[PDB]
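One structure is given below, encoded as structure tokens.
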Amino acid sequence: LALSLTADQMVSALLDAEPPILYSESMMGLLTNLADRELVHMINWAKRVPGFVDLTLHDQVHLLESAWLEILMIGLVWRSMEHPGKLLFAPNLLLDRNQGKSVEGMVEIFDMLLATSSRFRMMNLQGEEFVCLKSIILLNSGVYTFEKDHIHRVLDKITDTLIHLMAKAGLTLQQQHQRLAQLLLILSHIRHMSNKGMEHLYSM
Amino acid sequence: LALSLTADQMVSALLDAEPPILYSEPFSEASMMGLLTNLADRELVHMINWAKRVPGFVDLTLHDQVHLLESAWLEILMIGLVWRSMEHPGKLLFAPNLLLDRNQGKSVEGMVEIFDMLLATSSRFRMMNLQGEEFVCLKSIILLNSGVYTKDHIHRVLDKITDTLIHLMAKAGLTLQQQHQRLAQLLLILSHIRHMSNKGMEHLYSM
Ligand SMILES: COCc1cc(O)cc2c1O[C@@H](c1ccc(O)cc1)[C@H]1CCC[C@@H]21
Ligand SMILES: COCc1cc(O)cc2c1O[C@@H](c1ccc(O)cc1)[C@H]1CCC[C@@H]21
């Protein structure tokens with residue numbers, strides 16, 4: 001199972017499962033087109049998430065319907081870290097705050113996205129950490145609105161992994177749990193952005 | 001000065017700051033909505049007082065104090081609700097003289113879903129053996145984290161609360177591994193309370 005993998009194997013597995021950075025092929029049409037092409041990859045990525053495929057098809061689908069937008073958003077935020085003030089939706093679709101105002105109600109979400117991006121930059125989020133957070137989001141957003149014990153052992157597994165990475169990075173015990181906490185609190189914001197995002201979508 | 005408190009002082013200050021449990025005054029969609037809102041308005045007053053006793057909160061500008069309370073008040077009301085609904089399986093203790101089960105949620109249009117979410121969370125708390133000391137720490141984190149990205153001072157209090165939480169677990173006898181694992185389970189649930197607050201605002205803003 002996934003419960004038997006070591007911290008290094010979990011990370012290595014997660015890294016190798018990573019989806020590719022897709023390209024942007026009226027504003028909304030590009031984002032939905034890009035988002036929809038991204039969705040196909042997400043699914044195949046989910047199946048590579050240790051612990052995921054051990055669930056019933058119904059649960060696998062419930063977990064994806066629940067977190068797909070948070071997942072797209074954390075990926076968006078991730079590739080935007082080295083472009084302060086901008087959101088890199090795709091290598092050929094990097095938009096800034098002003099371009100957001102273009103669509104109705106999008107400036108509020110952009111600012112939250114940029115803010116979450118600064119936070120990651122300010123924190124120096126590592127790629128190894130990032131893939132862990134993304135998996136935690138997958139297994140955690142639909143888990144309370146549903147197996148369950150399995151999901152919780154896997155989440156503890158990823159937590160161990162996260163801590164393991166910090167230990168190796170050289171952080172002290174106290175820094176380790178302080179960072180884990182900071183990283184996890186950010187998921188609340190991502191959850192919040194996803195909710196706003198859904199509202200913005202449903203109104204179209 | 002709040003950044004100078006020890007894990008034990010932090011706990012004491014938080015438990016002392018705790019606001020009181022209020023009482024409410026078949027239900028129709030109209031009266032039930034009035035009972036809940038009346039209770040909420042009265043609770044909000046004590047929350048603001050409680051907010052001011054949260055280490056580092058008053059050190060913030062008035063504009064930031066208002067932003068934090070404005071974005072987190074429902075999450076705070078709901079975590080309090082979930083907390084006092086632990087011992088009452090399948091029910092929500094909005095107040096002693098107001099314990100509603102899921103069926104009394106259908107009374108209001110589209111509230112039964114918020115109800116199921118709230119109840120599930122209550123189960124998770126019960127299931128996790130959530131302790132009052134841990135509970136006051138989460139509530140505080142909720143307050144300070146809800147609008148922090150929409151600052152340096154705020155993150156130190158948070159780190160202070162993280163250490164307290166761990167401290168509480170260490171004393172309880174959990175191994176280092178169990179400490180980090182429990183810390184995560186607790187924090188991942190704030191993600192769900194956030195969602196509930198969000199669906200809650202939608203429902204409230206809907207009428
Ligand atoms: C960004 O504002 C949220 C947002 C608001 C909205 O009304 C519509 C959309 C939004 O994010 C876009 C997105 C595209 C690619 C990504 O990697 C992430 C998100 C797509 C996702 C679904 C429709 C469209
Ligand atoms: C199902 O609750 C969501 C909910 C939906 C809604 O449309 C209206 C309300 C709700 O929660 C109630 C609540 C009252 C006391 C508490 O301790 C916690 C929540 C109050 C809070 C603001 C208006 C009312």
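Residues in the structure tokens are numbered from 1 in each chain, the chains being A, B, ... in the order shown, and ligands are numbered from 1 in the order shown.
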Within 6 Å of ligand 2, which residues of chain B come that close, and what is the closest atom pair and distance in Å for each? Count only C-alpha atoms and all ligand atoms and give it as JSON lines.
{"residue": "B:36", "atom": "CA", "partner": "ligand 2", "partner_atom_place_in_ligand_line": "14 (C)", "distance": 4.6}
{"residue": "B:37", "atom": "CA", "partner": "ligand 2", "partner_atom_place_in_ligand_line": "23 (C)", "distance": 4.4}
{"residue": "B:39", "atom": "CA", "partner": "ligand 2", "partner_atom_place_in_ligand_line": "15 (C)", "distance": 5.7}
{"residue": "B:40", "atom": "CA", "partner": "ligand 2", "partner_atom_place_in_ligand_line": "14 (C)", "distance": 4.6}
{"residue": "B:77", "atom": "CA", "partner": "ligand 2", "partner_atom_place_in_ligand_line": "18 (C)", "distance": 4.4}
{"residue": "B:78", "atom": "CA", "partner": "ligand 2", "partner_atom_place_in_ligand_line": "18 (C)", "distance": 4.7}
{"residue": "B:81", "atom": "CA", "partner": "ligand 2", "partner_atom_place_in_ligand_line": "17 (O)", "distance": 4.9}
{"residue": "B:94", "atom": "CA", "partner": "ligand 2", "partner_atom_place_in_ligand_line": "17 (O)", "distance": 5.3}
{"residue": "B:111", "atom": "CA", "partner": "ligand 2", "partner_atom_place_in_ligand_line": "1 (C)", "distance": 5.7}
{"residue": "B:114", "atom": "CA", "partner": "ligand 2", "partner_atom_place_in_ligand_line": "1 (C)", "distance": 5.1}
{"residue": "B:115", "atom": "CA", "partner": "ligand 2", "partner_atom_place_in_ligand_line": "1 (C)", "distance": 5.5}
{"residue": "B:200", "atom": "CA", "partner": "ligand 2", "partner_atom_place_in_ligand_line": "3 (C)", "distance": 4.8}
{"residue": "B:203", "atom": "CA", "partner": "ligand 2", "partner_atom_place_in_ligand_line": "7 (O)", "distance": 4.5}
{"residue": "B:204", "atom": "CA", "partner": "ligand 2", "partner_atom_place_in_ligand_line": "7 (O)", "distance": 3.6}
Any chance you could export the current selection's N, CA, C and O atoms as a PDB file, in the first residue's frame?
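So part.pdb came out as:
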ATOM      1  N   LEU B  36     -32.384  31.986  15.081  1.00  0.00           N
ATOM      2  CA  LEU B  36     -30.959  31.845  14.811  1.00  0.00           C
ATOM      3  C   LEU B  36     -30.235  33.190  14.672  1.00  0.00           C
ATOM      4  O   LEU B  36     -29.122  33.363  15.183  1.00  0.00           O
ATOM      5  N   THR B  37     -30.869  34.138  13.985  1.00  0.00           N
ATOM      6  CA  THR B  37     -30.259  35.440  13.769  1.00  0.00           C
ATOM      7  C   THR B  37     -30.261  36.255  15.054  1.00  0.00           C
ATOM      8  O   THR B  37     -29.286  36.947  15.360  1.00  0.00           O
ATOM      9  N   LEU B  39     -30.071  35.076  18.060  1.00  0.00           N
ATOM     10  CA  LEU B  39     -28.999  34.476  18.845  1.00  0.00           C
ATOM     11  C   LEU B  39     -27.627  34.927  18.316  1.00  0.00           C
ATOM     12  O   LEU B  39     -26.723  35.252  19.091  1.00  0.00           O
ATOM     13  N   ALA B  40     -27.476  34.949  16.998  1.00  0.00           N
ATOM     14  CA  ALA B  40     -26.215  35.354  16.390  1.00  0.00           C
ATOM     15  C   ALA B  40     -25.859  36.794  16.737  1.00  0.00           C
ATOM     16  O   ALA B  40     -24.733  37.080  17.140  1.00  0.00           O
ATOM     17  N   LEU B  77     -18.600  31.595  14.886  1.00  0.00           N
ATOM     18  CA  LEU B  77     -19.889  31.149  15.391  1.00  0.00           C
ATOM     19  C   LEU B  77     -20.029  29.639  15.148  1.00  0.00           C
ATOM     20  O   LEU B  77     -20.371  28.880  16.053  1.00  0.00           O
ATOM     21  N   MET B  78     -19.743  29.199  13.927  1.00  0.00           N
ATOM     22  CA  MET B  78     -19.859  27.785  13.587  1.00  0.00           C
ATOM     23  C   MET B  78     -18.908  26.853  14.344  1.00  0.00           C
ATOM     24  O   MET B  78     -19.305  25.747  14.709  1.00  0.00           O
ATOM     25  N   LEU B  81     -20.443  26.435  17.645  1.00  0.00           N
ATOM     26  CA  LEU B  81     -21.618  25.584  17.508  1.00  0.00           C
ATOM     27  C   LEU B  81     -21.181  24.119  17.412  1.00  0.00           C
ATOM     28  O   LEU B  81     -21.676  23.249  18.126  1.00  0.00           O
ATOM     29  N   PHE B  94     -27.423  24.933  19.090  1.00  0.00           N
ATOM     30  CA  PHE B  94     -27.287  26.365  18.870  1.00  0.00           C
ATOM     31  C   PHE B  94     -27.312  27.047  20.231  1.00  0.00           C
ATOM     32  O   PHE B  94     -26.728  28.120  20.416  1.00  0.00           O
ATOM     33  N   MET B 111     -31.142  24.766   4.023  1.00  0.00           N
ATOM     34  CA  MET B 111     -30.265  24.862   5.180  1.00  0.00           C
ATOM     35  C   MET B 111     -29.862  23.481   5.662  1.00  0.00           C
ATOM     36  O   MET B 111     -28.894  23.334   6.401  1.00  0.00           O
ATOM     37  N   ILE B 114     -26.269  22.755   4.961  1.00  0.00           N
ATOM     38  CA  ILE B 114     -25.355  23.411   5.874  1.00  0.00           C
ATOM     39  C   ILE B 114     -25.393  22.573   7.142  1.00  0.00           C
ATOM     40  O   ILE B 114     -24.387  22.375   7.818  1.00  0.00           O
ATOM     41  N   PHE B 115     -26.580  22.072   7.446  1.00  0.00           N
ATOM     42  CA  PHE B 115     -26.776  21.246   8.619  1.00  0.00           C
ATOM     43  C   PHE B 115     -25.915  19.983   8.566  1.00  0.00           C
ATOM     44  O   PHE B 115     -25.183  19.682   9.506  1.00  0.00           O
ATOM     45  N   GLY B 200     -22.440  29.255   4.116  1.00  0.00           N
ATOM     46  CA  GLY B 200     -23.309  29.952   5.044  1.00  0.00           C
ATOM     47  C   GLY B 200     -23.628  31.366   4.602  1.00  0.00           C
ATOM     48  O   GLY B 200     -24.781  31.783   4.668  1.00  0.00           O
ATOM     49  N   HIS B 203     -26.010  31.400   1.697  1.00  0.00           N
ATOM     50  CA  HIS B 203     -27.376  31.139   2.124  1.00  0.00           C
ATOM     51  C   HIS B 203     -27.980  32.381   2.780  1.00  0.00           C
ATOM     52  O   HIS B 203     -29.126  32.740   2.530  1.00  0.00           O
ATOM     53  N   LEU B 204     -27.186  33.040   3.612  1.00  0.00           N
ATOM     54  CA  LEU B 204     -27.618  34.237   4.308  1.00  0.00           C
ATOM     55  C   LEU B 204     -27.845  35.376   3.312  1.00  0.00           C
ATOM     56  O   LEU B 204     -28.859  36.062   3.361  1.00  0.00           O
TER      57      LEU B 204
END
| said: Show me, as a list in words, the residues that have an atom within 9 Å of residue 22 in chain A when counting only C-alpha atoms, minus same-chain residues fewer than 6 positions from it. | reply: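 Returned residues: residues 34, 37, 38, 89, 90 and 91 of chain A.
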With N, CA, C and O atoms retained, export the selected residues as an mmCIF file, in the first residue's frame.
data_model
loop_
_atom_site.group_PDB
_atom_site.id
_atom_site.type_symbol
_atom_site.label_atom_id
_atom_site.label_comp_id
_atom_site.auth_asym_id
_atom_site.auth_seq_id
_atom_site.Cartn_x
_atom_site.Cartn_y
_atom_site.Cartn_z
ATOM 1 N N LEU A 34 -8.402 26.167 -21.315
ATOM 2 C CA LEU A 34 -7.182 25.738 -20.639
ATOM 3 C C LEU A 34 -7.518 24.872 -19.424
ATOM 4 O O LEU A 34 -6.893 23.835 -19.188
ATOM 5 N N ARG A 37 -8.727 21.351 -20.477
ATOM 6 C CA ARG A 37 -7.671 20.480 -20.961
ATOM 7 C C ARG A 37 -6.858 20.037 -19.742
ATOM 8 O O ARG A 37 -6.423 18.891 -19.657
ATOM 9 N N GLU A 38 -6.672 20.937 -18.784
ATOM 10 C CA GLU A 38 -5.942 20.597 -17.569
ATOM 11 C C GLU A 38 -6.654 19.511 -16.756
ATOM 12 O O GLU A 38 -6.016 18.668 -16.123
ATOM 13 N N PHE A 89 -1.174 31.700 -15.842
ATOM 14 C CA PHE A 89 -2.131 30.641 -16.144
ATOM 15 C C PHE A 89 -1.467 29.625 -17.086
ATOM 16 O O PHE A 89 -1.654 28.422 -16.956
ATOM 17 N N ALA A 90 -0.689 30.126 -18.036
ATOM 18 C CA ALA A 90 0.011 29.279 -18.984
ATOM 19 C C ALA A 90 1.230 30.055 -19.427
ATOM 20 O O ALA A 90 1.253 31.281 -19.339
ATOM 21 N N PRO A 91 2.271 29.354 -19.901
ATOM 22 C CA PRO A 91 3.482 30.046 -20.348
ATOM 23 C C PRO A 91 3.157 31.187 -21.311
ATOM 24 O O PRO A 91 3.847 32.197 -21.328
#
Closest-contact table, chain A side, partner ligand 1, 6 Å, counting only C-alpha atoms and all ligand atoms, as a Markdown table:
| residue | atom | partner | partner_atom_place_in_ligand_line | distance |
| --- | --- | --- | --- | --- |
| A:31 | CA | ligand 1 | 14 (C) | 4.4 |
| A:32 | CA | ligand 1 | 23 (C) | 4.4 |
| A:34 | CA | ligand 1 | 15 (C) | 5.6 |
| A:35 | CA | ligand 1 | 15 (C) | 4.3 |
| A:72 | CA | ligand 1 | 18 (C) | 4.5 |
| A:73 | CA | ligand 1 | 18 (C) | 4.9 |
| A:76 | CA | ligand 1 | 17 (O) | 4.8 |
| A:89 | CA | ligand 1 | 17 (O) | 5.3 |
| A:109 | CA | ligand 1 | 2 (O) | 5.7 |
| A:197 | CA | ligand 1 | 5 (C) | 4.7 |
| A:200 | CA | ligand 1 | 7 (O) | 4.4 |
| A:201 | CA | ligand 1 | 7 (O) | 4.0 |
Hey, which bits of chain A sit within 6 Å of chain B, and for each residue what's the closest pair of atoms and how far apart in Å (one decimal), counting only C-alpha atoms, rows by chain and increasing number, as JSON lines?
{"residue": "A:115", "atom": "CA", "partner": "B:149", "partner_atom": "CA", "distance": 5.9}
{"residue": "A:156", "atom": "CA", "partner": "B:181", "partner_atom": "CA", "distance": 5.5}
{"residue": "A:178", "atom": "CA", "partner": "B:159", "partner_atom": "CA", "distance": 5.8}
{"residue": "A:188", "atom": "CA", "partner": "B:191", "partner_atom": "CA", "distance": 4.3}
| task | Would you return as a PyMOL selection string the members of range 2-187 of chain B that DSSP assigns to strand (DSSP E) on this structure's backbone? | result | chain B and resi 91-95+98-101
| query | DSSP says alpha helix (DSSP H) for which residues of range 28-58 of chain B? Put them as a ChimeraX atom specification? | reply | /B:29-52
Selection file, N, CA and C atoms, as a PDB file, in the first residue's frame:
ATOM      1  N   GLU B  29     -40.171  28.712   8.440  1.00  0.00           N
ATOM      2  CA  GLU B  29     -38.902  29.190   7.900  1.00  0.00           C
ATOM      3  C   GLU B  29     -38.606  30.562   8.480  1.00  0.00           C
ATOM      4  N   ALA B  30     -39.679  31.307   8.704  1.00  0.00           N
ATOM      5  CA  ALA B  30     -39.625  32.668   9.232  1.00  0.00           C
ATOM      6  C   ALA B  30     -39.159  32.799  10.695  1.00  0.00           C
ATOM      7  N   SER B  31     -39.755  32.035  11.604  1.00  0.00           N
ATOM      8  CA  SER B  31     -39.388  32.144  13.004  1.00  0.00           C
ATOM      9  C   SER B  31     -38.057  31.475  13.313  1.00  0.00           C
ATOM     10  N   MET B  32     -37.778  30.373  12.636  1.00  0.00           N
ATOM     11  CA  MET B  32     -36.519  29.696  12.866  1.00  0.00           C
ATOM     12  C   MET B  32     -35.371  30.607  12.423  1.00  0.00           C
ATOM     13  N   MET B  33     -35.590  31.308  11.319  1.00  0.00           N
ATOM     14  CA  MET B  33     -34.577  32.203  10.796  1.00  0.00           C
ATOM     15  C   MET B  33     -34.409  33.382  11.754  1.00  0.00           C
ATOM     16  N   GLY B  34     -35.477  33.700  12.482  1.00  0.00           N
ATOM     17  CA  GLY B  34     -35.426  34.794  13.429  1.00  0.00           C
ATOM     18  C   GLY B  34     -34.737  34.388  14.717  1.00  0.00           C
ATOM     19  N   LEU B  35     -34.952  33.143  15.139  1.00  0.00           N
ATOM     20  CA  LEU B  35     -34.339  32.630  16.361  1.00  0.00           C
ATOM     21  C   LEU B  35     -32.825  32.548  16.202  1.00  0.00           C
ATOM     22  N   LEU B  36     -32.384  31.986  15.081  1.00  0.00           N
ATOM     23  CA  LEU B  36     -30.959  31.845  14.811  1.00  0.00           C
ATOM     24  C   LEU B  36     -30.235  33.190  14.672  1.00  0.00           C
ATOM     25  N   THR B  37     -30.869  34.138  13.985  1.00  0.00           N
ATOM     26  CA  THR B  37     -30.259  35.440  13.769  1.00  0.00           C
ATOM     27  C   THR B  37     -30.261  36.255  15.054  1.00  0.00           C
ATOM     28  N   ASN B  38     -31.339  36.156  15.826  1.00  0.00           N
ATOM     29  CA  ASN B  38     -31.392  36.873  17.091  1.00  0.00           C
ATOM     30  C   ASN B  38     -30.246  36.391  17.985  1.00  0.00           C
ATOM     31  N   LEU B  39     -30.071  35.076  18.060  1.00  0.00           N
ATOM     32  CA  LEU B  39     -28.999  34.476  18.845  1.00  0.00           C
ATOM     33  C   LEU B  39     -27.627  34.927  18.316  1.00  0.00           C
ATOM     34  N   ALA B  40     -27.476  34.949  16.998  1.00  0.00           N
ATOM     35  CA  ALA B  40     -26.215  35.354  16.390  1.00  0.00           C
ATOM     36  C   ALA B  40     -25.859  36.794  16.737  1.00  0.00           C
ATOM     37  N   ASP B  41     -26.816  37.704  16.592  1.00  0.00           N
ATOM     38  CA  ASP B  41     -26.544  39.108  16.895  1.00  0.00           C
ATOM     39  C   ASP B  41     -26.064  39.281  18.328  1.00  0.00           C
ATOM     40  N   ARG B  42     -26.658  38.528  19.247  1.00  0.00           N
ATOM     41  CA  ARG B  42     -26.270  38.620  20.642  1.00  0.00           C
ATOM     42  C   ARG B  42     -24.910  37.974  20.854  1.00  0.00           C
ATOM     43  N   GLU B  43     -24.603  36.946  20.078  1.00  0.00           N
ATOM     44  CA  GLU B  43     -23.312  36.277  20.195  1.00  0.00           C
ATOM     45  C   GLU B  43     -22.198  37.153  19.641  1.00  0.00           C
ATOM     46  N   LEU B  44     -22.478  37.829  18.533  1.00  0.00           N
ATOM     47  CA  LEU B  44     -21.469  38.692  17.927  1.00  0.00           C
ATOM     48  C   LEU B  44     -20.912  39.708  18.928  1.00  0.00           C
ATOM     49  N   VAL B  45     -21.756  40.210  19.818  1.00  0.00           N
ATOM     50  CA  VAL B  45     -21.284  41.187  20.796  1.00  0.00           C
ATOM     51  C   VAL B  45     -20.199  40.595  21.698  1.00  0.00           C
ATOM     52  N   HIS B  46     -20.417  39.380  22.177  1.00  0.00           N
ATOM     53  CA  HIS B  46     -19.446  38.732  23.055  1.00  0.00           C
ATOM     54  C   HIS B  46     -18.197  38.323  22.301  1.00  0.00           C
ATOM     55  N   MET B  47     -18.350  38.070  21.013  1.00  0.00           N
ATOM     56  CA  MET B  47     -17.226  37.658  20.192  1.00  0.00           C
ATOM     57  C   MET B  47     -16.244  38.820  20.047  1.00  0.00           C
ATOM     58  N   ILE B  48     -16.778  40.009  19.820  1.00  0.00           N
ATOM     59  CA  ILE B  48     -15.937  41.179  19.664  1.00  0.00           C
ATOM     60  C   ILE B  48     -15.162  41.376  20.961  1.00  0.00           C
ATOM     61  N   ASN B  49     -15.834  41.229  22.103  1.00  0.00           N
ATOM     62  CA  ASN B  49     -15.144  41.372  23.385  1.00  0.00           C
ATOM     63  C   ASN B  49     -14.053  40.321  23.516  1.00  0.00           C
ATOM     64  N   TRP B  50     -14.369  39.099  23.084  1.00  0.00           N
ATOM     65  CA  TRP B  50     -13.435  37.979  23.136  1.00  0.00           C
ATOM     66  C   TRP B  50     -12.275  38.237  22.194  1.00  0.00           C
ATOM     67  N   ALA B  51     -12.587  38.756  21.011  1.00  0.00           N
ATOM     68  CA  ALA B  51     -11.576  39.052  20.003  1.00  0.00           C
ATOM     69  C   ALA B  51     -10.498  39.973  20.580  1.00  0.00           C
ATOM     70  N   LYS B  52     -10.936  40.984  21.324  1.00  0.00           N
ATOM     71  CA  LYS B  52     -10.027  41.948  21.932  1.00  0.00           C
ATOM     72  C   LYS B  52      -9.098  41.326  22.975  1.00  0.00           C
TER      73      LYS B  52
END
| CA of residue 146 in chain A to CA of residue 127 in chain B, distance in Å rounded to a single decimal |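 Distance reported for this atom pair: 15.5 Å.
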| Residue nearest residue 61 in chain B - candidates B:99, B:205, B:154, B:107, atoms counted: only C-alpha atoms |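 Nearest to residue 61 in chain B: B:154.
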| remark: Computed gap from CA of residue 87 in chain A to CA of residue 23 in chain A is 13.9 Å
| task | Just the residues within 10 Å of residue 7 in chain A, please, counting only C-alpha atoms, with nothing from its chain fewer than 2 positions along; format it as a PyMOL selection string. | result | chain A and resi 4-5+9-13+157-165
Could the residues in this selection be written to a file with N, CA, C and O atoms, as a compact mmCIF listing (two decimals), in the first residue's frame?
# COMPACT_ATOMS: atom_id res chain seq x y z
N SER A 4 2.98 1.85 3.31
CA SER A 4 4.27 1.19 3.47
C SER A 4 5.43 1.94 2.82
O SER A 4 6.59 1.61 3.06
N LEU A 5 5.13 2.96 2.02
CA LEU A 5 6.17 3.75 1.37
C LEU A 5 6.91 4.62 2.38
O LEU A 5 6.33 5.05 3.37
N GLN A 9 10.09 7.85 -0.79
CA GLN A 9 9.34 7.20 -1.86
C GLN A 9 8.05 7.93 -2.16
O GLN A 9 7.64 8.01 -3.32
N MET A 10 7.41 8.46 -1.12
CA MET A 10 6.16 9.19 -1.27
C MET A 10 6.41 10.45 -2.11
O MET A 10 5.66 10.76 -3.04
N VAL A 11 7.47 11.18 -1.77
CA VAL A 11 7.82 12.40 -2.49
C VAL A 11 8.21 12.05 -3.93
O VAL A 11 7.72 12.67 -4.88
N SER A 12 9.09 11.06 -4.07
CA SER A 12 9.54 10.63 -5.39
C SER A 12 8.34 10.19 -6.24
O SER A 12 8.27 10.48 -7.43
N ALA A 13 7.40 9.50 -5.62
CA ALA A 13 6.22 9.07 -6.34
C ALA A 13 5.41 10.29 -6.77
O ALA A 13 5.00 10.40 -7.92
N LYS A 157 0.36 10.00 6.57
CA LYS A 157 1.54 9.61 5.82
C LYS A 157 2.16 10.84 5.16
O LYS A 157 3.37 11.10 5.28
N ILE A 158 1.33 11.62 4.46
CA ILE A 158 1.81 12.82 3.79
C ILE A 158 2.34 13.83 4.82
O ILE A 158 3.30 14.55 4.56
N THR A 159 1.70 13.89 6.00
CA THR A 159 2.19 14.81 7.02
C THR A 159 3.60 14.39 7.43
O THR A 159 4.48 15.24 7.51
N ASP A 160 3.80 13.10 7.68
CA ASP A 160 5.12 12.57 8.04
C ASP A 160 6.10 13.00 6.94
O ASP A 160 7.19 13.49 7.21
N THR A 161 5.69 12.80 5.69
CA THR A 161 6.52 13.16 4.55
C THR A 161 6.88 14.64 4.63
O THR A 161 8.05 15.02 4.54
N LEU A 162 5.87 15.49 4.80
CA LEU A 162 6.12 16.93 4.88
C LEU A 162 7.15 17.23 5.97
O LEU A 162 8.09 17.98 5.76
N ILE A 163 6.97 16.64 7.15
CA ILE A 163 7.90 16.89 8.24
C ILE A 163 9.28 16.36 7.89
O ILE A 163 10.30 16.99 8.18
N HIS A 164 9.31 15.20 7.24
CA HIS A 164 10.58 14.62 6.88
C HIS A 164 11.38 15.56 6.00
O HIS A 164 12.57 15.75 6.23
N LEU A 165 10.71 16.16 5.01
CA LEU A 165 11.36 17.09 4.09
C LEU A 165 11.95 18.29 4.82
O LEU A 165 13.03 18.75 4.47
Which residues, written as an mmCIF file with N, CA, C and O atoms, in the first residue's frame, have at least one atom at most 7 Å from residue 68 in chain B, with only C-alpha atoms counted and residues fewer than 3 positions away on the same chain left out?
data_model
loop_
_atom_site.group_PDB
_atom_site.id
_atom_site.type_symbol
_atom_site.label_atom_id
_atom_site.label_comp_id
_atom_site.auth_asym_id
_atom_site.auth_seq_id
_atom_site.Cartn_x
_atom_site.Cartn_y
_atom_site.Cartn_z
ATOM 1 N N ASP B 64 -7.702 46.792 10.468
ATOM 2 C CA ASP B 64 -7.365 45.379 10.325
ATOM 3 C C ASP B 64 -8.193 44.551 11.295
ATOM 4 O O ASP B 64 -8.582 43.427 10.986
ATOM 5 N N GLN B 65 -8.452 45.109 12.474
ATOM 6 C CA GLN B 65 -9.251 44.415 13.472
ATOM 7 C C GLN B 65 -10.620 44.153 12.878
ATOM 8 O O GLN B 65 -11.177 43.064 13.016
ATOM 9 N N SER B 71 -14.386 38.971 8.208
ATOM 10 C CA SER B 71 -14.227 37.785 7.386
ATOM 11 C C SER B 71 -14.319 36.462 8.170
ATOM 12 O O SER B 71 -14.567 35.410 7.591
ATOM 13 N N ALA B 72 -14.167 36.515 9.487
ATOM 14 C CA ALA B 72 -14.193 35.283 10.260
ATOM 15 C C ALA B 72 -15.331 35.068 11.243
ATOM 16 O O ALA B 72 -15.422 33.984 11.819
ATOM 17 N N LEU B 143 -9.604 33.290 13.833
ATOM 18 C CA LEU B 143 -9.701 34.738 13.872
ATOM 19 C C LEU B 143 -8.566 35.459 13.156
ATOM 20 O O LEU B 143 -8.798 36.369 12.344
ATOM 21 N N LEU B 144 -7.342 35.043 13.460
ATOM 22 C CA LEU B 144 -6.160 35.689 12.907
ATOM 23 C C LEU B 144 -5.778 35.286 11.493
ATOM 24 O O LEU B 144 -5.086 36.032 10.803
ATOM 25 N N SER B 146 -8.190 34.141 9.089
ATOM 26 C CA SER B 146 -9.229 34.388 8.104
ATOM 27 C C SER B 146 -9.079 35.542 7.117
ATOM 28 O O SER B 146 -9.606 35.457 6.017
ATOM 29 N N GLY B 147 -8.364 36.602 7.474
ATOM 30 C CA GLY B 147 -8.197 37.704 6.541
ATOM 31 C C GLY B 147 -6.773 38.228 6.479
ATOM 32 O O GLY B 147 -6.547 39.380 6.098
#
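Minimum distance to residue 166 in chain A across A:183, A:103, A:93, A:17 (counting only C-alpha atoms) occurs at A:183.
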| field | Atomic distance CA of residue 153 in chain B - CA of residue 15 in chain B, expressed in Å with one decimal | value |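 Distance reported for this atom pair: 22.0 Å.
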| Top pick for closest residue to residue 164 in chain B, considering B:1, B:110, B:13, B:102 and counting only C-alpha atoms |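 Nearest candidate to residue 164 in chain B out of B:1, B:110, B:13, B:102: B:13.
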